[PDB]
Amino acid sequence: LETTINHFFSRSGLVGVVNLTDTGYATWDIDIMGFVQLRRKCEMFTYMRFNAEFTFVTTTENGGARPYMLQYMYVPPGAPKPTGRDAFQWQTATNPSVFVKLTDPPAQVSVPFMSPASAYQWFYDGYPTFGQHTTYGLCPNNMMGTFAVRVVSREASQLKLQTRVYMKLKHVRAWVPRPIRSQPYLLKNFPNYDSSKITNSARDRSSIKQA
Amino acid sequence: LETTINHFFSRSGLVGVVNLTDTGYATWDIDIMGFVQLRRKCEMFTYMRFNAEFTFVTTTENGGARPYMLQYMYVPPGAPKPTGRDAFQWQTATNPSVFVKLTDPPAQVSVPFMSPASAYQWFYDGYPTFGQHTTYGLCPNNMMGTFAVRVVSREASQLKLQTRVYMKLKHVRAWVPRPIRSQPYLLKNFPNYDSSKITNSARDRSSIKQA
Amino acid sequence: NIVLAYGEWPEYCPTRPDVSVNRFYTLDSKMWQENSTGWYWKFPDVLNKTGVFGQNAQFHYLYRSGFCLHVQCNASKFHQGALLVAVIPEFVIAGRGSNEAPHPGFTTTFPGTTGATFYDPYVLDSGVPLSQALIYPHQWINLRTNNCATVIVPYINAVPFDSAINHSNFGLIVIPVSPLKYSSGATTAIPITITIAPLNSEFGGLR
Amino acid sequence: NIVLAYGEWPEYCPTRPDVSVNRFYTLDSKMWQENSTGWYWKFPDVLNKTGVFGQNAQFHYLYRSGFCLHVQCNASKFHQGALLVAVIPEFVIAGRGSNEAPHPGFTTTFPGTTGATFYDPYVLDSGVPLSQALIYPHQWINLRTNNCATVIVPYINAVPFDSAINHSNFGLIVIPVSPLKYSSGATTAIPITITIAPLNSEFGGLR
Amino acid sequence: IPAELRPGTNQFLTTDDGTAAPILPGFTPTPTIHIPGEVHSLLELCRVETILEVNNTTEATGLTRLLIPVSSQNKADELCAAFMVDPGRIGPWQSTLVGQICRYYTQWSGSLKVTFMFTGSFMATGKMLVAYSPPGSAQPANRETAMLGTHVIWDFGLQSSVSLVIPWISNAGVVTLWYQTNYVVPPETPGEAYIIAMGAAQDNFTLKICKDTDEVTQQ
Amino acid sequence: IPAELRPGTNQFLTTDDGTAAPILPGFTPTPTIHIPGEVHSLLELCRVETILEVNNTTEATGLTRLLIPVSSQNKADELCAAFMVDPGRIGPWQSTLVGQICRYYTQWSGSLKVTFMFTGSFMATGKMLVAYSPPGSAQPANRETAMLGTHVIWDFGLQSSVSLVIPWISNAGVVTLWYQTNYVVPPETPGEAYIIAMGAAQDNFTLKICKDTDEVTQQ
Amino acid sequence: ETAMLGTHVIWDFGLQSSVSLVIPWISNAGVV
């Protein structure tokens, strides 16, 4: 119908704004728990399994420009990330690149499922000492890579660019449910909550009668 | 699966940067042993057989420009190479050309298998005196041609261009194996090694016990 | 009667011990007074350093077993109040600070054979409201009608074999929803006791 | 027993000589002392200017033949150390300089009936570590158990016919992996002898 | 072959089906296994009973707001509790689960049910009159004009948990709990019990147009 | 016919399948022949046994670092050699071949085996105790606590080459070689032998995500 | 704990009212 779990995720929304200066490049980490619209909808379920697909959108400040051959890259988990704009990590063969102009219609690229375990895990309870490859509740089976946007020129670009990343999900299967979050979380990677001021769930009224 | 020998080569990486000034043209030789990422992966095997396919990428310095009708050419092995920018080797019929603007999406062109022997040979042991058509270990059954980039105009281009060449391999079949290179080579076309300082293969430790 | 977890019988598809570890265990009987506030245990950490099963999970580093619980509180007919027995998979607790980043540490997150104590019950000490906390397999123990709960839990993990000291498969919680009330002239402490029995253990690895 | 090269019997699909060149040859017996370091030969160069086969490869300029080797060192039961017999196709040696470009020349790269000597053993004088050098057809000669090795090599080349003075199909290497040790009161030199026999020669061309 | 380009060449419609080129050709995902408790559609969340808040009064704080108080002192004919039956609208139905996943999905229709259960002693015995009025009016005033509606006489001694099926709400309706009789306890047993509430939705409960919800934060 | 253009018109994805136009139409490649020793997949390289370095000590230089020394002077109970079983991680496993082609291919799982063989005289005779501990602990201390693990009693007189199958490494584990007994030689035979090591991988050894490696140079 | 690891019989007052126990094979001690 439309209440099945495939349609419940299959809208694509903003994830992260990645902007560069000329350093000359702007890296970014894949983290789908960026905003709060999507973190509350994906800690609904414990174990997930899904193929992503991205879409980059470039807008120069003041809007629109003459073309340039900016590239998008991708790093699989377990590989070193770039450091400078001209280092030799931009010429390896394992990192798939995407060459796309400004004035062309936007770029789109899929990403398959990238974990050694047979599902993702948004809740881990243990220590990674003799685990998978302080430290409470952080597993290395969740990182998915980087992107490392770079403009292609020999020198002197001076564009002051800005990109966006839209993320769709596909073929998503869930597993065992969990109740929804109701305390507004503070840190990014922990379930913490300001326990000095615990908020309520229902707005109050006068008394128990007089509905 | 993905460990078969067809998938092990089928990523496409950088080979050579070919840049021109206005001389007005920039020639280049086909040599897949350019960098060191690919030479170590292709002296794995002795005899190979594969169809290449190229892709040129043009970027003006400062990035992007108004269009120009730059041409790419190709010379088969056994034909004279161009000398000046306006000589009569740019109007022969045996040399297939490719006319591509700047602002269009990049150009792509395949190359079939081009040797009289039924396989390539990355190791020859002999002298070419009465051979195939000092000189130790150089066979003329390995050259594959040139490209000779040229901009089309009557005079006064003044663009200061820069190109790249990406190379994919296809349908590659190998033959008899060889062990990998472990001494960092000095020359380009010889197996030489700095024998005054032979490097090791394993980093050292304290003693033979205490693993 | 009995209530399974998600409708699945515990079975198995490495060494395989038998009836010597099919014996029942018995943890310590707690004390639920007038103003207590809840407990939790985090299986299968509490069966370490104890008994025959302790000498097969301390020296092996692969593990798979589904459990079978039996929670039982003994009280006469002049006491009132209802408990709550739920089995939460992947039970993650978080530190109650605000800022840096004060973690729980170790002495709370792995209680061992003594169960810990909830600090703030209304939000399950994990930012989740208790009102929605019956998605999990639950079972009301209600001191006017029945006083026994029998949950059977199969092995719920993505990887088919994990270690048994680092990881923790699930947790068992006990919360007093209605506070206990009695007229004067009776006992104060209604005890709460637990019985745990491993069903299909299947160990792997050596020392 | 015998060990083939890559699992292929030597056969043929021009003149075709017979049993007059099916006779065994015998190269000179080397001397492996306490501190020697290795030899190599580069077939089929060493059968030139010798015997009946020499008068059919010097005056013809097409060639095809697969060989059959028999390496045998004679030693009593009070000596120790193990050799290594490997057959490397397309054996290319390189000059040991660094800069210009000092080539090996000629007197090393084609040794003829006297085998040459490795300068640096650990890297096979070609930039390849010896630790990985058992991808090739190898055969341990180990002086406590056996003292014979029988390799049969078919014709491995891309073009089905090549010349026999310029080109060189493969090479045979002999390396002492364990150094030779003996108590005093014995011999010093354990000899090493080789036997070569062409199987299916098939020549072409005239003068 | 010839072709033209219609309107709609270069656009990005954000509700799409066209696959991209996969960035890793020939990759093999790891094969799945059987993990129990697998959810096909999220309509099998809002059929599972969750504890409804009622006593959201200012005075009640902590765990004692999941509980409707019943007191022995109160005499015949005093209203015990009342709450409107509307999922999603801000009130008692917010702490449950059906009141959460209809803060998505703008329009709905179905048949919610309401379940009660009791947490007194074994000796106590009284009655309650669970009443329900249609949404055209407000709550009743006297005990007679709730008896003429749709009542279920609930007992403490025989049963211990009664249910009720409200037919066909849409995108109000007021349930009250009249006190038929004063609480009866034998001596030395405390005269303060607590009636907790439940809540769910039945099988013919449907949803419509998707929509994002109203949280408090933004990051 | 009409058509539109989706997102992804002008791009160059670098992991592609679309063929270009051939630059030489009607060309005939030369027909191949049967060249022996043809490799289909490179998994048939890491099943061929290569010599494992062990004695990577500072003192040993040259060829004498492929060799574990055994000495007659040493008395009962001294550890002969030990090395961690991890392909790819920088240590003894780097000079072999399995330790090379798992510097590509980030993740792996399988079953490596380890083979020994001996290079002494024909008269000498002793024993060795090849031990192996699971990766949860460090190396053993005394000879008893390696006997309780998984040992193979290896002999010089009867056999001359023993093997061992380590089950299921993943992306440590320590093998040692205890000296059961002092070396016995008859007079006028030298009392210094050498045990070389081997190494390979068995049939169920798999690989995953491709990656470039760490060389030293760049040109 | 170290009596739970032996041979125990959990006896109840509410359900039963009389439990038994079978000690195997005394001879010519053992502590209950």
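The first chain written gets the first letter, and so on, giving A, B, C, D, E, F and G; residue counts start at 1 in each chain.
One rule holds in what follows: a residue touches a chain if its C-beta (ideal position, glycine included) is under 8 Å from a C-beta of that chain, and two chains touch if they have at least 3 such contacts.
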> For the interface formed by D-F, which of the candidate pairs C-E or C-F is equivalent, sharing more than half of the contact pairs by residue number?
Replying inline: C-E
> Which chain pair is joined by more contacting C-beta pairs, B-E or B-D?
Replying inline: B-D
> Using mean CA coordinates as chain centres, what's the subunit B-subunit C distance in Å?
Replying inline: 66
> Hey, how far is the Cα centre of subunit D from the one of subunit E, in Å?
Replying inline: 88
>> With centres defined as the mean C-alpha position, give me the subunit B-subunit F separation in Å.
In response: 34
> Where the CA atoms of subunit A average out and where those of subunit F average out, how many Å apart are those spots?
Replying inline: 39
>> By the touch rule stated above, which residues of subunit G touch at least two different other chains?
In response: none
> Where in subunit A do residues touch two or more other chains at once?
Replying inline: 47, 55, 76, 92-94, 96, 99, 101, 104-106, 108-109, 116-119, 130, 176-177, 179-180, 201
>> Counting only residues that touch at least two other chains, what does the list for subunit D look like?
In response: 6, 122, 129, 131-133, 135, 156, 158
> What chain pairs are in touch here?
Replying inline: A-B, A-C, A-E, A-F, B-D, B-E, B-F, C-E, C-F, C-G, D-F, E-F
> What part of subunit A is in contact with subunit E in the complex they form?
Replying inline: 1-5, 8, 10-12, 34-37, 40, 45, 47, 49, 53, 55, 57, 74, 76, 96, 105-106, 108-113, 115-119, 166, 168, 173-177, 179-180, 184, 200-211
> If you look only at subunit C, which of its residues touch subunit G in the complex?
Replying inline: 25-26, 50-52, 74
> subunit F touches which residues of subunit D in the complex?
Replying inline: 5-8, 77-82, 121-122, 129-135, 140, 142, 144-145, 154, 156-158, 160, 177-179, 181-185
>> Touching residues of subunit A toward subunit C in the complex: what are they?
In response: 46-47, 117-119, 121, 123-131, 134, 136-137, 176-183, 185-187, 190-196, 198, 201
> If you look only at subunit E, which of its residues touch subunit C in the complex?
Replying inline: 33, 35-37, 45, 48-53, 62-64, 66-67, 95-97, 100, 117-123, 160, 188-190, 192-194, 196
